Structure formats: C-alpha cells, structure tokens
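In: what's the 3D shape of this:
(one chain, ligands or ions: 2)
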Amino acid sequence: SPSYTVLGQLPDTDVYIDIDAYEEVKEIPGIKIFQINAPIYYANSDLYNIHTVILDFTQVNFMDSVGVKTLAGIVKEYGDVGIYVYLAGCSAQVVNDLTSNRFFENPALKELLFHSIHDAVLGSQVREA
Ligand SMILES: [Cl-]
Ligand SMILES: [Cl-]
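Out: Numbers count the residues shown, from 1 in each chain. Ligands and ions are numbered 1, 2, ... in the order given. Okay, here it is:
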C-alpha cells in the first residue's frame, strides 16, 4: 500500500524500516508498527495477539480536522479493547494541530506521544493494563 508501510526492527538495534526493504528486518511480537505515508483518513480506509499499535508520524508535516478526528477514533476504538495506540515522531506542528483540534481534551492522551519508534516500543514494555 502507498498510504502506509509496515515497519519491522533490524535485530538488536533501534532501527525500524520497511519490512520489505531488508530480509532480516522482523516485526516485534505483540506490536504492529505502521508508517503513515498519506493523510490518516486514507490509511484508515485500508485499516477498515497485539497489545500495541505504533503509528510513525515522521513523514507527516501537518494534520487537518478530519485527520485528527479519524485518529481520535482509532485511538479510542483500539483502547476500548485494551490496545494502546502510540504516536511516534510527531513534529511540534503536528502536535499543535492535534491540540488545536482538541485531541488532548483528555490530557491523559499526552502519554501516547513518543519521540521515536524505539521510545514507543520501550514504552509498551510495562504499563497499566
Ligand atoms: Cl490529517
Ligand atoms: Cl524513529
């Protein structure tokens, strides 16, 4: 798909890349890592034993209201079955867009933000169930 890319980990590193870019790259059991390559409502359309979903926002330069609403729905619906959706690599601007569109109306959602994919992976290691 062009709207998202499944990422895996280069073994024994904090390097995460396209699962298809190199043979030894492997997904992490219990975690799904998706790189957003288009506005999330496009990638979400494709979405339509995992404990964590990590969304890599490194390619995202801004978000619009529809996208934030879509993301809020993804986070809520996964959360309602105990699955955490983490946001990795959001720029200051993207976080401003999330905030402006009231994504953090519940300030607890701030806890879903991580600087890097690896940080997000480590964040999932131990947490309130
Ligand atoms: Cl968006
Ligand atoms: Cl990263």
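
In: Which strand residues bridge the residue nearest the centre of the chain?
Out: By Cα atoms, centre = their mean, the chain has its centre lying nearest to residue 55, at 1.4 Å. Counting by DSSP bridges, residue 55 is bridged to residue 34, residue 87.

In: when you give positions from now on, start the count at 24
Out: Sure, I'll start numbering at 24, so the last one becomes residue 78.

In: contacting residues for it?
Out: By Cβ atoms under 8 Å, 6 or more residues apart in numbering, the residues touching residue 78 are 57, 59, 63, 94, 108-111. All C-beta spots, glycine's among them, are computed from the backbone N, C-alpha and C.

In: of the residues you listed, closest to ligand 1?
Out: residue 63 (5.3 Å; Cβ to the ion).

In: I'd like to know how far that closest one sits from residue 77.
Out: 14 Å (Cβ to Cβ, to the nearest Å).

In: Comparing the two, which residue is more hemmed in?
Out: residue 77 (29 against 24; other Cβ atoms under 10 Å).

In: picking up where we left off before, output the contacts of residue 78 in TSV; the columns should cover distance to ligand 1.
Out: Formatted as TSV, those follow (distance: Cβ to the ion, whole Å):
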residue	distance to ligand 1
57	15
59	9
63	5
94	8
108	15
109	17
110	12
111	16
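
In: When you filter these down to buried only, what's left?
Out: 57, 59, 63, 94, 108-111 (16 or more other Cβ atoms under 10 Å).

In: mind listing what's buried in the longest helix along the chain?
Out: In the chain, with assignment by DSSP state H, the single longest helix is helix 88-102. For helix 88-102, burial by neighbour count (16+ other Cβ under 10 Å) applies to 90-91, 93-95, 97-98.

In: nearest to ligand 1, of these?
Out: Distances from ligand 1 to those, taken as Cβ to the ion, are shortest for residue 90 (2.0 Å).

In: Appreciated, that's everything.
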